[PDB]
Amino acid sequence: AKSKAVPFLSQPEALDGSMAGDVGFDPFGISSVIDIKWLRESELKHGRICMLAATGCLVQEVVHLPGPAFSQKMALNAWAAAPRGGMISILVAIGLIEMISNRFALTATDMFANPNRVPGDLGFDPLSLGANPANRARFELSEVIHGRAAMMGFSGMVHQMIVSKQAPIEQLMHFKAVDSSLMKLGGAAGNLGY
Amino acid sequence: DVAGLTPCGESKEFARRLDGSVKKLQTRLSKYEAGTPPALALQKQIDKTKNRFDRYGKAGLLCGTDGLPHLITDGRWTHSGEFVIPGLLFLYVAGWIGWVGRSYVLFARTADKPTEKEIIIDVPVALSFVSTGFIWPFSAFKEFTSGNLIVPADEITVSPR
Amino acid sequence: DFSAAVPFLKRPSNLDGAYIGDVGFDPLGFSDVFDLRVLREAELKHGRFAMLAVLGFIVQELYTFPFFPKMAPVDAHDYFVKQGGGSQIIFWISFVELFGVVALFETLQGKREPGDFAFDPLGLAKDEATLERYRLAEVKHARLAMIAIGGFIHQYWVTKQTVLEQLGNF
Amino acid sequence: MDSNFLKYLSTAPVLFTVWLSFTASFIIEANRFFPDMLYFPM
Amino acid sequence: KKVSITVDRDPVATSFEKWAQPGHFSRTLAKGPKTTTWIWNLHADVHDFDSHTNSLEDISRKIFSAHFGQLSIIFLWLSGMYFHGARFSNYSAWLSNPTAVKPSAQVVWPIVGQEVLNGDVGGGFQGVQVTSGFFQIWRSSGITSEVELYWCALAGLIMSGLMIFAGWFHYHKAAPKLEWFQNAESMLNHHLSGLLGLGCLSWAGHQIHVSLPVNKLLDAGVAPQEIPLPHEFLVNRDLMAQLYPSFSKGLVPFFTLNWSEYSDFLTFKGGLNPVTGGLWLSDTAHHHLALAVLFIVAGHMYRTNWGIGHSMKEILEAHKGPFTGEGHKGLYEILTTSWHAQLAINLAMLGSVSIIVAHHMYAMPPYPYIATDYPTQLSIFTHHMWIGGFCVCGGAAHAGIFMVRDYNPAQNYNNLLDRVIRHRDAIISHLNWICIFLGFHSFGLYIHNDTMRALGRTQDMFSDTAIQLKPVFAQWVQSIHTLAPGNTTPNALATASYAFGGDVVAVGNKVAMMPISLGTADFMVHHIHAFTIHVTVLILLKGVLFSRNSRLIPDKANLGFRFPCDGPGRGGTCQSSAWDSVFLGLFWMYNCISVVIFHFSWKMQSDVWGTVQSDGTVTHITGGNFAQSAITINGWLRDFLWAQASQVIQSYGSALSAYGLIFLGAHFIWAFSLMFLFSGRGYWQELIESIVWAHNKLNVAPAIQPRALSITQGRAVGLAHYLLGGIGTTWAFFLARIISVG
Amino acid sequence: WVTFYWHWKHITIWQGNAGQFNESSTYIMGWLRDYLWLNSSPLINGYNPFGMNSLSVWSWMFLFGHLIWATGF
Ligand code: CLA
Ligand code: CLA
Ligand code: CLA
Ligand code: CLA
Ligand code: CLA
Ligand code: CLA
Ligand code: CLA
Ligand SMILES: CCCCCCCCCCCCCCCC(=O)OC[C@H](COP(=O)(O)OC[C@@H](O)CO)OC(=O)CCCCCCCCCCCCCCC
Ligand SMILES: CC1=C(C#C/C(C)=C/C=C/C(C)=C/C=C/C=C(C)/C=C/C=C(\C)C#CC2=C(C)C[C@@H](O)CC2(C)C)C(C)(C)C[C@H](O)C1
């Protein structure tokens, strides 16, 4: 009746606890509006992108593909540094992978229409780490939590790069308190523009 | 260059436009003291004007005899960023809006009260539809070839004539 | 029928002892016009802010974190406003308040008590009886603290003395 | 939140006003950060 | 005690359920849309309460709470005007230099280059110049600081919250019964005594204790932050007796009837204050005190609960003579059972009062420094002429709604209404003849002059230098008013207004007011005014008198107030309803008010406003061309519209470029209206059929079947866009012209 | 629209000032002030309180045209 995550709120509907990482944390009631399968597929995919993204920013500073173009320590700087044609090629590769993996089930209306389709289940298991049912639940639990943690970490790492124009590891190695004189929050309305 | 036009970066009339636009702001600035809010407002407007003229000069736009940029829209690729690419962006957005609106009117026909779904919109379903529009070219052409976009002439009411 | 708190005045008719702290004091009559659940949640929220604030005023005079410069608490507001530290506090308070809106809806449906956020980390309230004592006490502390807040904010305005120093002085 | 108040917010004039205010608003913001875009920059 | 308070408790439940059910209020609309007409029908009939409900009680309750909703909106609007003056204005700079700084209380954000609208209004400030005259109001009130403007803004917000609460409370919690609303004697007693009388008395008290000392110090030359706060005048009676020594005697002269002690601050000066060009505030204080006295006296006339007083029914039924049958019998029952009859009267009177306000405020400028702020004088004259014309046409709209709906012949036998309806042919034929006579002999003089000037015959024109049509009666009245001080108003020191004659009042070398001479051009344009007013009366009166039946349609009342026609037979009965005479009379109101505001603008620029150079000579804005050029149509076209549109059309790239854009946009909307006015519904429904076909082809037809607008709605849309475009074109033209040159 | 375009383009060319059409024709205020308003002045001065000339008949026809058109309304 009362959510585990938030006791004063009532437990969200459409959350039965079947999915790993189901803690009843849906205060806004978004689950009622949007089907859980679409939300879980979104959550898992968003998290997987973030897991690679966080690891990538730290790895990009530590390791660079040979050549000046790949040498930028700060990942935001790396965005400009990398050859544009290759980046656009990556964008096309991501699109084609999305197209084949979903089996043309791209839209919210037509995704999950097939009964066997399961949230996040793109049938990607080349080495069959998850083939054993014994370890299936723990793998699912870890993947969902890693994704949530990664999203929080990536948001922090991007914004910390914005506040101080430093790569993530060096900010840990050499720490500067934000002066706060620069980049005051908003203020467009207050000073009547300009 | 094309059609006897001049690149805006070397047009003298473009340069006189930039200079006259800045003198007009500087004479308004000559009536205010340095740190006042009207002085900061006009100095930010002089920076915006100079930035715009600099960007236009280096963009490959062509100026006329009047010193204003002119747009070439005959299809040549050196000028596709003035009509062809904005036009492709528009048609992608417009076809999205049309595909999504059409999907909702077909959904609303199968409703308990079809006309109540159009003055009180089912917002979760309509948001399911707005998300689908990103692949409208493929969905709409497959809709067309599978005989579900176009209805035959004999299921359409017409005037007696 | 007459109100217990004030004998001459009449019992409001929505104040029947349903909510703890009821002494029948509602001369203006807002309880009749508006839902009492909203008002009780507002009373607890206003009181909790005030109870924290009076302690915060006193403690800030007693001890201050070294990194921030020592300032009078009433005038500290302006420094934090420019620094951005005050904006950080507002943002987090607003974020919790967003969940509070959902909780207000839970109260209106009947799933929540007016001021219950299920906060018992230290498990102070062992049983219903001690909780009853605490809820009446919380109401009294909130009401008194709402009076006490502005008690020395207004005194600060008349006399530029720290409330602790002012209490000892004169 | 009340289901009848949400059914009121789903009425055509409310959605039309909110959606076109949101639409007008990100056109305004895009022209604040990226002004004077006479052409697609290419 | 038959006048008593009676209330139903908790009548209507405060629920969001009917919010989710558009159209809940009528049986027709509550079953949902099937064509797009439903959508329009929803908005058209929503505040027509007596069309949804049969009972006068529920109608009255809905009206009372909707009046609280309107008050809540007005208080929010006033609070916003005070807040924009407090926060986004140059008010403080304007107080120091009222003659140099231009008032501005609106600042734009910089987005698409629109920050060019922040022009240099003066006082180290950039913003949109405002013309509502709020700065002069605030100086007359004695505000002197932005802090007091913040407190006025908060008082407005609190009043707005209390009015929206009162509307909710009095509809949903405690709704008065019909017998409460049907207390006309009590309502008049309280609204004369309480509302108007104590309103005037309380304002007189403020003028005496705050406006008079603060404005005496301001006009002496004291800086605004050097002036004592308004309560130090209330307490320190010595400081008040410095400025006005009569205050040394207190209230003993008031109570002992030795009123001539108070002549320091209760004067009868007349004329204008030479420093500010406004009315003496001692005169306004005495004026409001005297008006307060006789509004409180007038609110004791009618009988409520103690036997003293008049019965309004007895007064009405007793006034009957030999020409008028039963007389005013049955009028009390009409005006205490029909809201439309009351709204018809109150709208006609409120519109007339707004027209009087427009004339009296330009001629006797009440506020300090408003007479030489020419954009404000033109703005508030034009604004209150338009409010007056609209409200007068709504008075005839609701007289027609009464006649069609609330009129009952059984209760109106042989009284004044019955007799008007029984000789409406004699009324409408004589009015028709007057409108023809008066268009021929007013506009035909203009055509005679166009022809004579074009033919080279200037000795054959109606002009001052030719055949003269002098306004001798108006000139004679002006003579009497200049002779009145010391003669027929012996204790007055100056004339009521310098428009009648007398001196030139100059403030900051600009003319505040000066005699407005009347000549042949003034004779002609005053008969133009009488012609356009008589024709508007003809259209609206013919709609009211023939609203129920005609020789054409014998049963027009069964079709209603608003119907498009009764078919193409009888030759054609298009636009036969009473609604269609309001529709046609709003065009002629527009014509009338447009000529009035053009006459005012050209005459004031040509003969009143301008600059006073050395030797006392006055150089007017357009140099006295009215006299010899307002006598031809070519003169109005060339020397007024063409010459003075220079500022709107040259405004691009300046702070007045918004007016140039609105000038063009309103020209557009006006022209766009003619698509709806010259067209018919049948064409547009047949065009919509082919568009619907193209939607059926793509399987995207809507379930709410599209319709062409109704015949009445095509007329209403055409009229709305016509008025919006025409008034908007004049609004932009007037404001850019007078901001540049005045 | 056709004859306004033909006439404005030709009077600007015939004056020697084709650049006035070139710059002002791209917005509607250019058509309003530089064609209708600017060229009205010899026409509406065909008669005035200072005399008349041979353009007095067109100056009358101009007003005549405004009257009939509005009477059509
Ligand atoms: C009542 C008359 C009135 C008018 C006409 C204006 C007009 C204006 N004000 Mg002022 N203002 C007023 C009252 C008024 N104000 C009052 C009472 C206050 C005191 C609180 C203020 C305080 C104020 C400030 C502090 C500022 C303004 C500003 C402005 C300007 C821009 C406003 C804007 O774009 O924000 C738009 C803001 C939005 C959030 C957009 C909302 C759009 C939504 C979608 C409208 C929808 C309404 C909704 C659908 C209704 C139905 C409800 C729903 C349940 C169905 C504009 C000149 C600004 C200014 O001048 O800056 C220089 C500014 O900064 N106003
Ligand atoms: C002294 C008594 C009094 C006063 C001041 C008013 C005032 C008003 N009545 Mg009336 N009314 C009265 C007695 C009174 N009424 C009685 C006895 C009846 C029963 C017969 C009615 C029945 C009645 C109806 C049926 C309607 C009104 C309406 C109105 C409003 C008209 C619009 C207007 O000018 O408001 C603007 C002018 C103002 C001055 C705004 C003032 C707002 C408050 C309410 C005024 C009084 C405040 C307070 C007494 C002053 C305190 C002073 C203090 C600071 C010292 C106005 C508020 C109409 C309306 O709009 O309803 C809301 C309406 O439809 N009244
Ligand atoms: C460590 C987090 C983690 C975990 C526990 C899982 C677990 C799972 N995934 Mg997920 N996945 C991940 C990361 C993860 N994946 C990433 C990063 C991507 C791509 C961006 C994906 C993409 C993906 C898809 C598309 C699908 C799955 C599926 C599955 C399920 C079956 C496959 C399996 O058992 O893998 C077991 C996984 C592990 C035991 C951990 C992976 C660690 C590998 C062995 C080493 C990788 C090292 C790497 C190079 C990091 C660099 C180190 C750095 C310091 C430089 C299972 C629940 C399928 C499924 O059933 O969905 C529900 C499915 O359809 N995953
Ligand atoms: C999304 C719904 C939709 C779709 C797919 C179409 C499709 C079409 N319309 Mg129709 N139309 C619509 C809505 C729609 N219309 C509405 C609401 C109106 C009333 C203003 C019209 C008025 C209209 C006219 C007058 C004409 C067309 C024409 C056309 C055709 C050519 C495209 C065109 O001219 O667009 C033109 C579009 C407009 C003029 C108005 C569109 C207004 C908005 C942008 C569309 C509605 C958005 C809607 C609210 C979607 C909400 C979705 C959400 C609930 C999920 C094509 C058959 C033309 C035709 O028959 O040519 C063959 C034609 O002459 N339409
Ligand atoms: C849509 C309606 C509308 C709007 C938007 C405005 C807008 C404006 N009016 Mg106008 N006005 C209107 C209708 C309207 N008026 C009508 C119908 C009347 C006739 C009663 C007037 C009479 C009027 C006067 C007399 C004055 C304005 C003024 C103003 C300006 C300042 C607003 C303000 O603070 O008032 C402030 C108003 C005052 C400080 C004094 C008002 C004194 C009157 C006599 C109060 C009467 C109230 C009473 C209840 C009405 C009884 C009506 C009677 C028939 C029984 C502003 C331009 C003022 C102005 O021009 O300032 C430059 C001004 O002095 N208005
Ligand atoms: C105190 C003033 C007052 C009051 C209370 C009423 C009240 C009423 N009138 Mg009356 N009326 C008034 C003034 C008033 N009117 C005036 C001044 C006029 C002259 C124009 C009329 C002319 C009139 C007619 C001709 C009719 C009414 C009708 C009605 C009734 C229906 C109202 C409705 O549902 O409209 C709903 C409201 C709307 C649809 C609003 C839209 C109206 C315009 C086009 C929008 C405003 C444009 C805006 C101000 C500017 C836009 C800016 C732009 C740049 C975007 C209602 C009893 C009707 C009826 O049948 O009564 C029985 C009717 O036929 N009235
Ligand atoms: C410029 C346009 C124009 C003109 C001239 C008229 C003219 C007239 N309208 Mg119309 N009207 C117009 C626009 C116009 N209207 C528009 C746009 C609307 C839309 C709502 C209406 C709606 C309308 C209504 C609803 C009413 C009128 C009425 C009138 C008449 C007013 C009485 C009058 O002045 O008689 C005098 C005639 C004139 C001033 C016309 C000009 C004549 C001048 C002096 C020259 C005459 C030259 C001479 C005859 C030449 C002879 C020789 C020649 C034959 C060779 C008159 C016939 C009213 C009416 O008929 O009641 C009497 C009436 O009720 N009109
Ligand atoms: C699950 C998703 C989680 C998202 C978490 C977001 C975290 C960051 C959010 C802000 C952190 C604190 C920043 C304070 C920042 C701050 O205080 O700056 C100030 C700025 C206004 O300026 P002021 O009036 O404060 O000027 C200050 C003066 O003192 C000096 O000029 O506030 C805003 O308006 C920003 C918000 C834009 C509002 C529109 C945003 C986009 C709207 C999209 C549609 C509406 C959706 C709902 C929006 C609420
Ligand atoms: C609930 C919850 C928990 C918790 C918690 C917390 C944070 C509890 C904190 C509670 C607090 C801070 C209570 C403070 C009340 C203050 C009052 C009533 C004011 C008194 C002042 C007066 C009367 C005065 C005065 C005066 C004036 C105005 C000015 C002077 O010149 C003079 C004078 C000094 C006389 C925990 C986490 C422990 C777990 C638990 O499971 C659940």
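A few comments on the model shown:
- Residue pairs meeting the criteria (Cβ under 6 Å; at least 6 apart or on separate chains; first more than 7 Å from chain B (Cβ to nearest Cβ), in region E:697-708; second assigned to a strand (DSSP E or B) and surrounded by fewer than 17 Cβ atoms within 10 Å (Cβ to Cβ)): E:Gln705/E:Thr35; E:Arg707/E:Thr35
- Among the residues making up region A:33-45, those that are part of a helix (DSSP H, G or I), of a type outside the set (A, V, I, L, M, F, W, C) and surrounded by 15 or more Cβ atoms within 10 Å (Cβ to Cβ) are A:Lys37, A:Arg40, A:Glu41, A:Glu43, A:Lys45.
- Residue, nearest to ligand 2 (Cβ to nearest atom), within region E:504-554, restricted to residues that are without any contact (Cβ under 8 Å) to a residue 40 or more places away in the chain and more than 23 Å from E:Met385 (Cα to Cα): E:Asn549
- Selection from region B:102-152 of residues that are farther than 23 Å from A:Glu98 by Cβ, among the charged types (D, E, K, R) and within 12 Å of chain A (Cβ to nearest Cβ): B:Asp122
- E:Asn189 away from ligand 4 (no atom under 16 Å from the Cβ) and touching a strand residue (DSSP E or B) at 6+ places or on another chain (Cβ under 7 Å): yes
- Applying the condition of being small (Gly, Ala, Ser) and touching a helix residue (DSSP H, G or I) at 6+ places or on another chain (Cβ under 6 Å) to region E:164-183 and asking which residue is nearest to E:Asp8 (Cα to Cα) yields E:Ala175.
- C:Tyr156 vs. criteria surrounded by 16 or more Cβ atoms within 10 Å (Cβ to Cβ) and away from ligand 3 (no atom under 16 Å from the Cβ): yes
- Residues in region E:345-355 include at least one that is away from ligand 9 (no atom under 16 Å from the Cβ) and over 24 Å from E:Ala184 (Cβ atoms).
- Top-ranked residue of region E:436-490 - restricted to ones that are closer than 19 Å to F:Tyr47 by Cβ and of a type in the set (S, T, N, Q), ranked as surrounded by the fewest Cβ atoms within 10 Å (Cβ to Cβ): E:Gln459
- When A:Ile162, A:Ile169 are screened for being loosely packed, with under 13 Cβ neighbours inside 10 Å, of a type in the set (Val, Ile, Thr) and not in a loop (DSSP other than H, G, I, E, B), only A:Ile162 passes.
- Among residues of region C:141-170 that are more than 16 Å from ligand 7 (Cβ to nearest atom), those with a beta-carbon under 6 Å from a residue that is acidic (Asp, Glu) and in a helix (DSSP H, G or I) at least six positions away or on a different chain give the pairs C:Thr162/C:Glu61; C:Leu164/C:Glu61.
Conditions (1) of a type outside the set (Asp, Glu); (2) free of Cβ contacts under 8 Å to residues at least 40 places away in the same chain; (3) surrounded by fewer than 19 Cβ atoms within 10 Å (Cβ to Cβ), marked per residue:
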| residue | (1), (2), (3) |
| --- | --- |
| E:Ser606 | yes, yes, no |
| E:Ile621 | yes, no, no |
| E:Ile631 | yes, no, no |
| E:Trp636 | yes, yes, no |
| E:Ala643 | yes, yes, yes |
| E:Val648 | yes, no, no |
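- Set E:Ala174, E:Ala184: member being more than 14 Å from every other protein chain (Cβ to nearest Cβ), aliphatic (A, V, I, L, M) and more than 16 Å from ligand 3 (Cβ to nearest atom): E:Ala184
- Single unsatisfied condition, F:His66 versus (1) within 9 Å of chain E (Cβ to nearest Cβ); (2) over 21 Å from E:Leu664 (Cβ atoms): (2)
Yes or no, residue by residue, for (1) within 14 Å of chain F (Cβ to nearest Cβ); (2) of a type in the set (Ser, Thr, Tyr); (3) within 31 Å of the chain's Cα centre (by Cα):
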residue: E:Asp615; (1), (2), (3): no, no, no
residue: E:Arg638; (1), (2), (3): yes, no, yes
residue: E:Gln647; (1), (2), (3): yes, no, yes
residue: E:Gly653; (1), (2), (3): yes, no, no
residue: E:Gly660; (1), (2), (3): yes, no, yes
residue: E:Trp693; (1), (2), (3): no, no, no
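- The number of residues in region E:16-36 being within 37 Å of the chain's Cα centre (by Cα), free of Cβ contacts under 8 Å to residues at least 40 places away in the same chain and within 12 Å of chain D (Cβ to nearest Cβ) comes to 8.
- Some residue of region D:27-35 being more than 10 Å from chain E (Cβ to nearest Cβ) and part of a loop (DSSP other than H, G, I, E, B): yes
- Residues being at the interface with another protein chain (Cβ under 8 Å from one of its Cβ atoms) and surrounded by 15 or more Cβ atoms within 10 Å (Cβ to Cβ) - total across region F:1-56: 14
- Of the residues making up region E:330-378, those that are part of a helix (DSSP H, G or I), small (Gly, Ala, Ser) and out of contact with any helix residue (DSSP H, G or I) (no Cβ under 6 Å at 6 or more places or on another chain) number 1.
Quick note: the coordinates plus some simple rules give every number you see, no bench work behind them. Methodologically, a virtual Cβ is constructed for each residue, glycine included, from the backbone with ideal geometry; neighbour enumeration extends over all protein chains shown.
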